[PDB]
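Trainee: Okay, here's the structure, questions in a sec.
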Amino acid sequence: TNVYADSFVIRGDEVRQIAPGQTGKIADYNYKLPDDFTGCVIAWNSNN
Amino acid sequence: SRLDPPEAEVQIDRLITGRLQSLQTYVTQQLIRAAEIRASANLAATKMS
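Which chain is which? The protein sequence lines are A and B, in order.
Its first residue numbered 393, the first sequence is counted upward by one per residue in UniProt numbering.
Its first residue numbered 982, the second sequence is counted upward by one per residue in UniProt numbering.
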């Protein structure tokens, strides 16, 4: 029906905080995925 | 209180399945005992009549 592609950055650690309900400072204040999330997460490599 | 949404969710789901099993067993066994009580009550009404 519709697709929204969220885009942001985060450290190598705390990447697991990009998940429904997963706690952490980034999840607590910056970006909190809904509990009933539905989609794909792609933490493709950016060392460069 | 001790658990954060994800595993609080999964553990409370296990616990609510357990309590649902307990309450459903209670309700089904009490329906069987209520059928026994209803048979005894029909017997009591039959004796009354």
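Where a beta carbon is used, it is the ideal one built from N, C-alpha and C, also for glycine.
(1) Closest to residue 405 of chain A by C-alpha separation, out of A:431, A:419, A:426 and A:429, would be which residue?
(2) Measure the alpha-carbon distance for residue 415 of chain A versus residue 399 of chain A and round it to whole angstroms.
(3) When you compare each of A:436, A:422, A:412 and A:435 to residue 428 of chain A by their alpha carbons, which one comes out closest?
(4) So, does the CB of residue 994 of chain B fall closer than 7 angstroms to a CB anywhere in chain A?
(5) Check whether the Cβ atoms of residue 401 of chain A and residue 435 of chain A sit closer than 7 angstroms, and answer yes or no.
Mentor: Answer, in terms of the structure:
(1) Residue mapping note: residue 405 of chain A aligns to position 13 of the first sequence, counting from 1. Minimum Cα distance to residue 405 of chain A is reached at A:419.
(2) Indexing the first sequence from 1 puts residue 415 of chain A at position 23. Indexing the first sequence from 1 puts residue 399 of chain A at position 7. If I take the Cα positions, the gap works out to 19 angstroms.
(3) What you label residue 428 of chain A is simply residue 36 of the first sequence in a count that begins at 1. Distances from the alpha-carbon of residue 428 of chain A to those of A:436, A:422, A:412 and A:435 put A:412 closest.
(4) Locating residue 994 of chain B in the second sequence gives position 13, counting from the first residue. False, the Cβ-Cβ gap to chain A never drops below 7 angstroms.
(5) Along the first sequence, one-based indexing puts residue 401 of chain A at 9. Along the first sequence, one-based indexing puts residue 435 of chain A at 43. The answer is no: Cβ separation not under 7 angstroms.
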